[PDB]
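In C-alpha cells, the next block holds one chain alone, the form deposited in one PDB entry.
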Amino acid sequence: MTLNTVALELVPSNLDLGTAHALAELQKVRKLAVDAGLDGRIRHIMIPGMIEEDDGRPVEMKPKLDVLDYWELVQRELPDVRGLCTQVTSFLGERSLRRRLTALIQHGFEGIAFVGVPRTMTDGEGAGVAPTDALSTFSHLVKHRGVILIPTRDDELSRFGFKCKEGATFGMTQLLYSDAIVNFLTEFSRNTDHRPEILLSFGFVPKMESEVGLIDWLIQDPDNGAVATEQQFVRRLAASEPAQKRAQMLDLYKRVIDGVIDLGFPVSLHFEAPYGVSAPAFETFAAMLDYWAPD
C-alpha cells in the first residue's frame, strides 16, 4: 500500500535522437549505476511529463519523447526497474484524462503524480482537470496518486492538507536544499491526521550551475527568504570542490533523514540530476543511500 522505494528521475530523451542513440544513452545510465554501486538499490524510475512550452529556463529545451514511448525504451535497457510518472491534468478534461491515465497504468506505471499548471478561464474557455479533482475522481484507476509538495511555500500546510483530504497518497517534494521539510512535516503531523508517503527529492549540483544557473531557476520563489537560503546553498555547492560539495550535501541529507523518519510518515527517496545523469551524481546518491535507505 506504500511505495517504500528509491526513485531515480530520468527525463525522456530528445525527440530527434532516435532509438539507436536513445538506448545507447540508457546503457550508459546502467553502467554508471553499476560503477557507483546503485545496481539493485534503485527500485523505480520516475519519468516526468513534458511541458511543451519554453517557459524561461536557462537551458534550451527541445521536444522529448512521450512518457509512454520513453518508458518502453527504459524497460529494455533497465529490466530491473519499475515505473513512476508525472502527469499534467490542467489541460485535458475528464474523459481525455481518464483515457490517458488508463493507458499509463495499462503500460505498467505503478504511480502517477498529478501536476497542475495555473491557467486562466476568463478566456482559455474549456475546462481542464485540477490535480486535486483528479485525486478523487480517478482513485479507482491509480492506486498511488501523488502531488507536488513545496515545504518553503507559504500556505503549504493548508494546501498539502487539502490535497491529502482530497485523496493524495504520496507527496513528492521539490528539490530539498535546506531542512525546511523537517519543520513542515513536524507541524503537518501536529495539525492533521494525514500521514501520506513523502518522496524526498535531492538534486545533484554540478560545477556548471555556477555558469548556467538551472537549479537556481528551478527552485526560485520571489521574496520567500527560506528559498533565498536554499539558493545560497546551491551556489556554494556549485563553487565547492567535490569533496566539500559531497560533504555539504550529505550533511543536509542526514539532517533531513534524522528529523523526518520518526514523524509517522512513510518515507521514500527521489534522486534527480537536473543537468543530466553522471558518475559524480550517482556516487552522491550512493553516499546518501549508505547513510539511510528505505526497507
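In this text, rigid core is short for the largest set of C-alphas that superpose within 1.5 Å between two forms. Only residues modelled in both forms are compared. One-based numbering along the sequence shown.
Form solved in complex with a small molecule: not shown, discussed below.
Name the stretch, out of 182-190, 98-106, 168-176, 72-80, where some heavy atom lies within 4.5 Å of the small molecule in the bound PDB entry.
Only one stretch qualifies here: 168-176.
Taking the shortest heavy atom distance, is residue 223 within 4.5 Å of the small molecule in the bound PDB entry?
Close contact is absent here: in the bound PDB entry, residue 223 is far from the small molecule, nothing within 4.5 Å, heavy atoms only.
Does any heavy atom of residue 92 come within 4.5 Å of a heavy atom of the small molecule in the bound PDB entry?
No - in the bound PDB entry, heavy atoms of residue 92 and the small molecule never come within 4.5 Å of each other.
Heavy atom to heavy atom, is residue 148 within 4.5 Å of the small molecule in the bound PDB entry?
Residue 148 belongs to the contact set for the small molecule.
Should residue 111 be counted as a contact of the small molecule in the bound PDB entry, where contact means heavy atoms within 4.5 Å?
Heavy-atom contact with the small molecule at 4.5 Å: absent for residue 111.
Just to confirm, with a 4.5 Å cut-off on non-hydrogen atoms, which of 153, 207, 144, 194 contacts the small molecule in the bound PDB entry?
By the 4.5 Å heavy-atom cutoff, the listed residue in contact is 153.
Which residue moves between the shown form and the other one, judged by a Cα shift of 2 Å or more on the rigid core: 195, 76, 190, 119?
None of the others reach 2 Å, which leaves 119.
In the bound PDB entry, whether the C-alpha atoms of residue 129 and residue 125 sit closer or farther than here (change of 3 Å or more):
Compared with the form shown here, the C-alpha atoms of residue 129 and residue 125 sit closer together in the bound PDB entry, by 3 Å or more.
Core superposition done; which regions of 3+ residues show CA shifts of at least 2 Å throughout between the shown form and the other one?
Flagged stretch (3+ res, CA at least 2 Å): just 118-127.
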